Amino acid sequence: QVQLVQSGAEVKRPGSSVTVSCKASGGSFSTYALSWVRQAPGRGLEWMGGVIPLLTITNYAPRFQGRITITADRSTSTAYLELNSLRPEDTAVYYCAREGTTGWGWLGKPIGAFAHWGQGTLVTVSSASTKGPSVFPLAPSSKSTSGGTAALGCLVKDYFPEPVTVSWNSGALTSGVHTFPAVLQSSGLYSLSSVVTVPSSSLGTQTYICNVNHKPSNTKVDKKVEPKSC
Amino acid sequence: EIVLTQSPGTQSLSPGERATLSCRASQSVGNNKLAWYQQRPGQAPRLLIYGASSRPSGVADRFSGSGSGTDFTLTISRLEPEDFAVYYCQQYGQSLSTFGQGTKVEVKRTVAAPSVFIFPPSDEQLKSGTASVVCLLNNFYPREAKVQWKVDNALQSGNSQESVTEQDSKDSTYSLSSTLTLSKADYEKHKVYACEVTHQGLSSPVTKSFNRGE
């Protein structure tokens, strides 16, 4: 089975250049088409270009023609996507995809469709600097329905870049947990909200701690949420 | 350039039903080089159909492809729980390959009203000079909901951002989070903070509010 392994996530400033790698293992490398497809957050798939390594023939999408460079290195069985003049709208997940075949090696028969995909590579282009988030408590209302259901949570605000992972009570609390997709604020920093609904009866006794983890900034914050003493 | 248009945008169906997705090409797709991909959140796309009708090994037979020329169709004979995802069509009959805008297949369920909660900015955040008011719309269906911010009963606009969760795997509901962002000064200029929620499952708009400092 063909397997594609891409390079790690990238954080770049506007105007710079990035190079994402796609190392192929298993199957044959030279005779099958290797394409690159990007996908902006919450958007669809977009074909950027492709290359047949053994032919040294690359085909680019008109939208990227001039700014993009796709290469194939047969000595390392590794394809490369190079994107220059980066702008904030280039922020996306870049996938490398290879067409499938019916058989093995060079006399394998190509099907054209992208049957094999890489794990994807997050490329974030911004003027913002890498920052750990500030985690504020979304405290449970002091008007929570007695003997009913109350909602509480944590606001993970002003961080860069994506992603952030949030758990509750170190993974012990999973029922009723909603970690929302992050929004990109006008300041250039990300922010998301993670809530959970619990019995109101538990509000005065049970400890609720959200565990916020931001790998890109090496940040780890455990925040305790409790009713406001009003 | 061949432009692919998928229909409909969203397909709301119950498990066990027959799903039919349409892909319409701007011009004839030479050599029927049409493919169907499935993508779930957090994962790469997965090839379902190639050559308009051919199905790779490992892909369930309930997925079938048909059509030619400019009209193509992906058919799921019976909708299983893992089939509710996003589906893309792709043409590769030209040197310039293109994707469709995609179709999301969601679980159709009984209408559920949102549980609305409001959260004032914490003292810790107020110490930093900014104030974030959070409105939570918990577990509702359908996805279409409207959130309106009222400050001293004045309609706010362009100072709030919202995000919606993926359809829940258990109760097939959605949850929405709306954040109203102000400076500490602008926040301390007013008293009444309210979030008004309009939804199909609500006979009348539900308003959750608080007074600053109380």
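Chains as they are written, first to last, in our numbering: chain A, 304 to 533; chain B, 9 to 222.
The beta carbon of each residue, even a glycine, is placed where N, CA and C say it ideally should be.
For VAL459/A, same chain residues with a beta-carbon under 6 Å away, outside a window of 5 residues either side, are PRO436, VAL438, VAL467, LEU495, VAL515 in chain order. Residues are counted here when their Cβ sits less than 9 Å from a Cβ of chain B; for the segment 407 to 419 of chain A these are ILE414, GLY415, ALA416, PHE417, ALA418, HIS419, given in chain order. In the displayed model, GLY474/A falls within a helix according to three-state DSSP.
Where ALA454/A is concerned, the enclosing beta strand (DSSP E) starts and stops at 452 to 462. Inclusion of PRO440/A and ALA454/A in the CB contact set at 8 Å is not warranted, their separation being larger than that value.
For secondary structure counted as the beta strand (DSSP E) over 3 or more consecutive residues, the segment 310 to 377 of chain A holds these complete runs in sequence order: 313 to 315, 321 to 328, 337 to 342, 349 to 355, 360 to 363, 371 to 376. Considering only beta carbons, the part of the segment 172 to 203 of chain B lying closer than 7 Å to chain A consists of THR173, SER183, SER185, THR187, in chain order. The beta carbon of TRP471/A sits no closer than 8 Å to any beta carbon of chain B. In this structure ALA93/B is in contact with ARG48/B, their Cβ atoms being roughly 5 Å apart against a cut-off of 8 Å. For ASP194/B, the uninterrupted alpha helix (DSSP H) run begins and ends at 192 to 196, by DSSP. Within 10 angstroms of the beta-carbon of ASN146/B lie 16 or more other beta-carbons, which makes it buried. Against chain B, the CB of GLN422/A has a partner CB under 8 Å away; the residue lies at that interface. Contact residues of the segment 95 to 108 of chain B toward chain A are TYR96, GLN98, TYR100, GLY101, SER103, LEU104, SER105, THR106, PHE107, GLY108 (C-beta to C-beta distance below 9 Å). Judged by DSSP in its simplified three-state form, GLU392/A adopts helix. For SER444/A, at least one C-beta of chain B is nearer than 8 Å to its own C-beta. With the rule of 3 Cβ pairs closer than 8 Å, the segment 345 to 356 of chain A counts as touching the segment 364 to 374 of chain A. Under the three-state reduction of DSSP, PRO519/A is assigned to helix. For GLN169/B, the closest Cβ of chain A is nearer than 8 Å. When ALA52/B, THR106/B, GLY24/B are compared, the shortest CA-CA separation from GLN35/B is found for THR106/B. Across the set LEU190/B, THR173/B, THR189/B, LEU188/B, the C-alpha of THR173/B shows the shortest separation from the C-alpha of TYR182/B. Nearest neighbour of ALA43/B by Cα position, chosen from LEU29/B, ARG26/B, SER61/B, turns out to be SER61/B. Under the three-state reduction of DSSP output, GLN19/B falls in the strand class. The alpha-carbon of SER30/B is positioned some 45 Å away from that of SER217/B.
Excluding its 5 nearest sequence neighbours in each direction, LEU134/B has C-beta neighbours in its own chain below 8 Å: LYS192, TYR195, listed in chain order.
In this structure, the straight-line span from the alpha carbon of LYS197/B to that of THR381/A is close to 59 Å.
Using a C-beta cut-off of 8 Å, the segment 65 to 81 of chain B makes no contact with the segment 16 to 24 of chain B, since fewer than three inter-stretch Cβ pairs fall below that distance.
According to the DSSP secondary-structure assignment, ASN40/B is paired through a beta bridge with no residue.
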